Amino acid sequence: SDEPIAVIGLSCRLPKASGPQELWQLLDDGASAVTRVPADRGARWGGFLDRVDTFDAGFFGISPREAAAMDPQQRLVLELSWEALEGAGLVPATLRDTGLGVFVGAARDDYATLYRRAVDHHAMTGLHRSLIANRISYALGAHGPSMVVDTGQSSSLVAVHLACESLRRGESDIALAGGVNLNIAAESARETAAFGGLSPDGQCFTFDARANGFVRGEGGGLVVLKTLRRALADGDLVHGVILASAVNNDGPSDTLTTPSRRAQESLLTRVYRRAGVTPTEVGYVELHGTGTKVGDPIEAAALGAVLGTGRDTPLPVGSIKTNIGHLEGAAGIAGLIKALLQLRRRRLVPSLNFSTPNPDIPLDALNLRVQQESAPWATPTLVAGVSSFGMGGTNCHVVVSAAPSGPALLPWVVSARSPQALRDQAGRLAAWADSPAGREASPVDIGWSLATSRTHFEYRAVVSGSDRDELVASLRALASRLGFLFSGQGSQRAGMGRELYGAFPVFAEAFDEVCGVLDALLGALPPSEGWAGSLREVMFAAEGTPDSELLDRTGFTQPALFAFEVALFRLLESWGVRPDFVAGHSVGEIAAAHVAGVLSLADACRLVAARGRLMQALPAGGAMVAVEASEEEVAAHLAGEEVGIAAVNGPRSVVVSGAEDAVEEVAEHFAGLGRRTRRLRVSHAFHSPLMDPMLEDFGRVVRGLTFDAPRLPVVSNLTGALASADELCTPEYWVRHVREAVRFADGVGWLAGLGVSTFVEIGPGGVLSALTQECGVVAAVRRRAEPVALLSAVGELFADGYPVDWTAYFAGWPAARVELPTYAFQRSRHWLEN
């Protein structure tokens, strides 16, 4: 009859049940939440929340003074809206500017009564009942219809009907529906006592002979609704399907507040018809079930006539009001949330306060039974009815049915809006993860869920590992402008890239593409006589094997660093990690120029293959020494005498390069002054006069290439400054670059001045990052496996506010969404002064 509506999420704050797991534990244990009026606060009994005065104002950007003048019901529905959306796995910011509708039942204003028993401008919006719905719309930036409905004690279930209808019209594409009722003012206690409806025993004796009125309850709840069609298509978890809902009024009843059997019968008949569902197919009804002498028998008689008649098994029935009291305005949504929990647990739970049937309720003639124990529930799909009736005669009935090998290294992402909240979130995720429930879930699905189904708030941590116990232990511990700098020779290492290649197919595919082009060039003109092998085997071979020794010949070293840096750049791209600026030390400037678009892969491969091969053919005798001394000292010392400055790496760190003997003369000068000096492990004197013989040959190679203007800004370590388009686009630039000093420190200075806050080194360790602090610094790949060093670095960019695409880390896993705990609110007291 009507398009079905999926529930894809829910939330609740009920007496002794501060979420849906807790609610199940109260109901499954057959426990009462009814108690005596707490300290802080038939009417000396009720179902109470623990606190009604506390709220995380800070989380919603609400000032303590706005928060103090704000109805606690508005505060509670902001929290439940956030929790319901998290429970559905929706990141709330993606609903900004969308058609999300908010439909809330609320029939009581106790906070406003307290305030009216020093008038400021927060009171107007703090005390107006319409803002219970509209403040949600504002906070989420939702454009759907946003309204409060008042039918008294059917309000929250009428709100669900209106939400369902808005979805079936296409007016809303998603809706929050339910209600709230907080019993804060003594005035509302009296007026209900003086009407006479309260049980002097403080129990709803639902369908039972003691039936003598109701006991009050407070709290709230919401469901998240979509069309079943839209929810399937979007892959949401379906908790339940609303097949139909109906609203009517009693009309001409004996008094204003006497219920009508005829109206209730007419309601049930109509709604079960549109739902297309017979009485035998219905497995359970959540009653209005308040335990009043007039009301209990009329509700029983109507259900018997419509749903008991068609049957051969008694219809089980029950009321959560026997557990939590009568939530009045929010009574219906409590009832629906119990039916949805029953549907997904595929269990029924006790109705309390029952032992002897009401004499006026002939259960056998009606073919009904009060559910008195927990029990499995099976096909008579499962179907449940929920009734909610208002004292002015507006009745609602809902018919709801049951719903119709990944990375080796696993990141668990966690965040919150304060340090204390992040410690809590970690604690809570630890505890859940360790739980029966948590242990059901794959650690890959948990990861995926943390990455894709949660907000990345301001305070972030990433924990990583191979299994649950490691991830959990790292959570328990927690509880208690990007500048890419590409590495140069000296940063190569045996096995470089092998672990990344094993872990990450994006790396492995980019790497085999680069190595494929380079293999052809090294094959044509090898820098080892005979060699027509694989560059990948040279790079990945174990330390001290023959292949591995080839890695230190500059003819292989320069291509190896190029392939490693490009593959890593591309892996980072697939995770949304990309630079604002690039720069490289010596051969790393070719990778920089490549990823900035100056050179095609083919031309960059040709350039680095020749750069290496033409340098390897130079004769023995070349040396380089790092000296602790300023450029000005080393150049003053050399001017007073084959040798020159290969690099200016810091205000007191220079490399001198040339004929071994002349280099050793300058070394013992600085050493003699008591400065640190280090002989570099190099086959040749890079960036020195000894390069002079290969410049004309190299110059002929670079004149065969194409240079385009960079698409990313590039800093030149030749000029020590930002490169003009025209700088990097002349063959001559790249000949000068071989020969003259690498102005690495001035480069780092120039990038700072252009607003780089974080420097990340792209290459196989941390040489260029020691250098940079020495002038945020993270080394992309530093004792630990490459995937661990990489995730730790990307973890640090994320914790500093970089938008890492954690979802793409999980690409190619059959991801199952998993139900994680909701946000760890950090609640303070916010209350009127008198």
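We number the residues from 1 along the sequence you see.
Extent of unmodelled deposited sequence, residue 275 relative to residue 274: Gap size class: none, per the record.
Unmodelled deposited residues between residue 380 and residue 381, binned: In the record, 4 to 9 residues between residue 380 and residue 381 lack coordinates.
Going by the average Cα B-factor in the PDB entry, point out whether 735 to 743 or 144 to 152 comes out higher. The recorded data point to 735 to 743.
What stretch has the higher average Cα B-factor here, 438 to 446 or 306 to 314? The stretch with the larger average C-alpha B-factor is 306 to 314.
From 258, 166, 280, 554, pick the one with the largest CA B-factor in the entry? In the PDB entry, the greatest C-alpha B-factor among 258, 166, 280, 554 is found at 280.
By the entry's C-alpha temperature factors, tell me which of 328, 726, 458, 71 sits highest. Top of the list by C-alpha B-factor: 726.
Looking at the entry's B-factor column for C-alpha atoms only, identify whether residue 299 ranks in the lowest, middle or highest third of its chain. Ranked within chain, residue 299 CA B lands in the middle tercile.
Could you look up the Cα B-factor of residue 795 in the entry and say which third of the chain it sits in: lowest, middle or highest? Lowest third - that is where residue 795 ends up once the chain's C-alpha B-factors are sorted.
Going by what the PDB entry lists, where does residue 187 fall on CA B-factor within its chain: lowest, middle or highest third? It belongs to the highest third of the chain when residues are ordered by C-alpha B-factor.
Can you tell me which third, lowest, middle or highest, the CA B-factor of residue 61 falls into for its chain? Its C-alpha B-factor belongs to the lowest third of this chain's values.
Is residue 814 in the lowest, middle or highest third of its chain when residues are ranked by C-alpha B-factor? Ranked within chain, residue 814 CA B lands in the highest tercile.
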